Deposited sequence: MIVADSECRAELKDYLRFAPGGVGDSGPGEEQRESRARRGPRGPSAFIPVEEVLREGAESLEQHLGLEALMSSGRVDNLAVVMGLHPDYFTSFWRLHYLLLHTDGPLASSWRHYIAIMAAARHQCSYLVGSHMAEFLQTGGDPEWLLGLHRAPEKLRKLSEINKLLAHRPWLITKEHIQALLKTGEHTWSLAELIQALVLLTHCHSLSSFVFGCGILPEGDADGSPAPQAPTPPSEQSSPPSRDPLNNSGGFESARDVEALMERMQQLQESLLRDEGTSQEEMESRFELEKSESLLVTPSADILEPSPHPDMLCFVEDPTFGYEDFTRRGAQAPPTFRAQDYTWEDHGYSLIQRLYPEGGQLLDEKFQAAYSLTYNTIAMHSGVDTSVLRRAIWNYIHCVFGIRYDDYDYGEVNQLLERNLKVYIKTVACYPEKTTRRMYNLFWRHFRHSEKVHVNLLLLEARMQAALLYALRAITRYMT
């Protein structure tokens, strides 16, 4: 761990907790400094305001209150802090895609892209839009992390501080050696104040209460639009400096391992980490053609699925009891490792839907 920086008092509570995984922190910090402290398509004050609009979707005052202060220090018409209605209409056009990205990314549609790029007095360019999609999804995934790790405003965490594990290690060995479609639909269908003026439709979330029965996004076959050979290449064409940083951050988190499980070392944990990843993408409708989704229940205890899904979909509702309740014999560091596995998987899914809608509009 980046111990001297964490215990120094000079970086905030969020980065202190990221310090626990230096190989991820480096990739996280590079994209953080790019989006917020590097000249780009959009003015500094716009980027902090877009971040407020995003953190407001999850009622996440840690991130809202921090980008408010930055927005003021960087210029930033204070009157925009009275509510979205006082912001330029170009920013206001982002509410719909902001809400959809945060809660139901699969509903993003080329007709949404058409509205943003519609020629008017102040139109979004593609480089401006791509930077805005990265900021919105960045701050949604950072709200998941703030809530899932119990990060306190400016201990750095309300939840983290300065046997059946062997059952699990056995199930992982057995694995390291059609109706596939059925097991995916089963996993996907399973069911488990002053910020309000920066959002529209504040009670929109995962789970439609306008319809009986729980939320089941439409199955999207991965490989129809993947990061590796569709989304990455579109972002590096429209926003070069961020595409590479996002790719490195995605890979940083998908491959981060210490070869340990709870108290055990010498383990290969990729089958377990792939289940966390592939489950969250399943909660957002993405099906991997060659993956046995039965492995999710073999490997992810039920208390871990309730937490993962709460943090991906309803981070506001995360509780200390819920954090303590799963993986009771695991190290806190590993609970944090799960959180950043899931913000990266949640962010990649929201981006991919948005990037897919942009491709469809261009055609």
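Trainee: Would you mind checking the deposited sequence against the model and listing the stretches with no C-alpha coordinates?
Mentor: 1-65, 220-232, 241-255, 271-280, 296-309 are the stretches of the deposited chain that have no C-alpha coordinates in the structure.
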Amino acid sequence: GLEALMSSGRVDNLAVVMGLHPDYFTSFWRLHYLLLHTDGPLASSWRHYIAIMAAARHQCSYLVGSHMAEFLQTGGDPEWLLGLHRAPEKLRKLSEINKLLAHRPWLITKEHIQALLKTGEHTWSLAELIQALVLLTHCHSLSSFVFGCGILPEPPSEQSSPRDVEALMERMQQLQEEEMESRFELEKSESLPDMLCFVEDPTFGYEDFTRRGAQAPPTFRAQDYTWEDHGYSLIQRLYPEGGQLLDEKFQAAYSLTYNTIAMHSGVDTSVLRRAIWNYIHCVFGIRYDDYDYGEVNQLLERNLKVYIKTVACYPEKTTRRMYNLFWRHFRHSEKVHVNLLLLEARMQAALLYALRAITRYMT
From here on, numbers count along this sequence of modelled residues.
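Trainee: Pick between 322-330 and 60-68: the one whose mean CA B-factor in the entry is higher.
Mentor: Higher of the two, by average CA B-factor, is 322-330.
Trainee: Test of understanding: from the entry's C-alpha B-factors, which stretch has the higher mean, 279-287 or 163-171?
Mentor: Taking the mean B-factor of the alpha carbons in each, 163-171 is higher.
Trainee: For the listed 269, 141, 73, 123, which has the peak Cα B-factor recorded in the PDB entry?
Mentor: The record points to 123.
Trainee: Check the PDB entry and point out which of 258, 145, 209, 80 has the largest C-alpha temperature factor.
Mentor: Most elevated C-alpha B-factor of the set, per the entry: 209.
Trainee: Quick check for you: using the entry's CA B-factors within this chain, is residue 19 in the lowest, middle or highest third?
Mentor: Residue 19: CA B-factor falls in the middle third of its chain.
Trainee: Based on the deposited C-alpha B factors for this chain, I'd like to know if residue 242 is in the lowest, middle or highest third.
Mentor: Bottom third by C-alpha B-factor.
Trainee: State the tercile, meaning the lowest, middle or highest third, of residue 310 with respect to the CA B-factors recorded for its chain.
Mentor: Middle third of the chain for residue 310's C-alpha B-factor.
Trainee: Is residue 137 in the lowest, middle or highest third of its chain when residues are ranked by C-alpha B-factor?
Mentor: Within its chain, residue 137 is a lowest-third residue by C-alpha B-factor, going by the deposited values.
Trainee: Determine, from the deposited record, the chain-internal third of the Cα B-factor for residue 304: lowest, middle or highest.
Mentor: For residue 304, the deposited C-alpha B-factor lands in the middle third.
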